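Structure record follows, encoded as structure tokens.
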Amino acid sequence: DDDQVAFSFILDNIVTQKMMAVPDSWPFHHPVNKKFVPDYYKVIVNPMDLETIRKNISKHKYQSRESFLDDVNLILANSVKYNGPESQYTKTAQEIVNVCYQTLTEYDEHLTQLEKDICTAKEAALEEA
Ligand SMILES: C/C=C/Cn1cc(-c2cccc(C(=O)N(C)C)c2)c2cc[nH]c2c1=O
């Protein structure tokens with residue numbers, strides 16, 4: 001299971017060191033509390049936040065960049081929907097998304113390596129089954 005452990009480790013470091021460090025990103029750190037935003041869950045059908053991404057990483061939900069990026073992109077998509085394309089929340093979520101893509105890009109070689117090797121371990125597991 002250890003290429004998956006290393007992979008999750010890296011994703012988690014992206015979330016804490018890059019995405020959470022975006023200025024004024026605090027609104028995206030945790031699930032919305034309906035007390036503070038009364039309509040959020042009536043408008044937003046698939047909520048997402050950085051704490052949920054971190055909890056998903058620690059459970060090894062993400063085997064590849066694609067499923068990680070799907071949740072990351074969801075944060076920006078919910079913000080366009082709820083706040084509008086030019087809201088300050090959306091600009092902050094766009095920086096969160098943009099710095100995530102950039103970091104994945106800078107780690108592209110090692111991350112392709114890990115992704116391929118998580119798969120090859122998945123297959124060895126099947127050639128047991
Ligand atoms: C899951 C993240 C969603 C991002 N988001 C958060 C808040 C917001 C504002 C103030 C407090 C909270 C909140 O519930 N906290 C900090 C727990 C969320 C907000 C207010 C208007 N639009 C938004 C918004 O798009």
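Scheme for the structure tokens: letters A, B, ... for chains in order shown; per-chain residue numbers from 1; ligand numbers from 1 in order shown.
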### Message
Going by DSSP on the backbone, which residues of chain A come out as alpha helix (DSSP H)? List them as an NGL selection string.
### Response
:A and (2-14 or 40-43 or 50-58 or 65-83 or 88-106 or 108-126)
Subject >> Near-ligand residues for ligand 1, threshold 9 Å, only C-alpha atoms and all ligand atoms, as a PyMOL selection string >> reply: chain A and resi 25-37+40+47-50+75-76+78-83+87+89-90+93
Taking into account only C-alpha atoms, which residue in the set A:98, A:103, A:17, A:88 is nearest to residue 72 (chain A)?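 Closest candidate: A:98.
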Between A:118, A:10, A:124, A:5, which has the minimum distance to residue 64 (chain A) (counting only C-alpha atoms)?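 Result for the nearest residue to residue 64 (chain A): A:118.
Reported to one decimal place, the separation of CA of residue 23 (chain A) from CA of residue 111 (chain A) is 26.6 Å.
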One decimal, in Å: what's the spacing between CA of residue 71 (chain A) and CA of residue 125 (chain A)?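 Between CA of residue 71 (chain A) and CA of residue 125 (chain A) the gap works out to 26.8 Å.
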ask   = Hey, what's within 7 Å of residue 114 (chain A) if we count only C-alpha atoms and toss same-chain stuff fewer than 4 positions away? As a list in words, please?
value = residues 3, 7, 110 and 118 of chain A
Practice problem: Name the closest residue to residue 100 (chain A) among the candidates A:12, A:24, A:86, A:123; distances are taken between atoms, counting only C-alpha atoms. | Solution: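 Ranking A:12, A:24, A:86, A:123 by distance to residue 100 (chain A), first place goes to A:12.
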- Leaving out residue 67 (chain A) and any residue of its chain fewer than 4 positions from it, which residues lie within 12 Å of it when counting only C-alpha atoms, given as an MDAnalysis selection string? chainID A and resid 11 53 56:57 60:63 71:74 115
*asked:* Please determine, counting only C-alpha atoms, which residue among A:15, A:126, A:20, A:99 has the shortest atom-to-atom distance to residue 68 (chain A).
replied: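 Looking at the shortest contact to residue 68 (chain A), the residue is A:15.
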request  = Can you pull out every residue within 9 Å of residue 59 (chain A), counting only C-alpha atoms, but drop anything in the same chain fewer than 4 positions away, and send it as an MDAnalysis selection string?
outcome  = chainID A and resid 8 54:55
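For the set A:120, A:4, A:113, A:102, the residue with the smallest atom-to-atom gap to residue 69 (chain A) is A:102, counting only C-alpha atoms.
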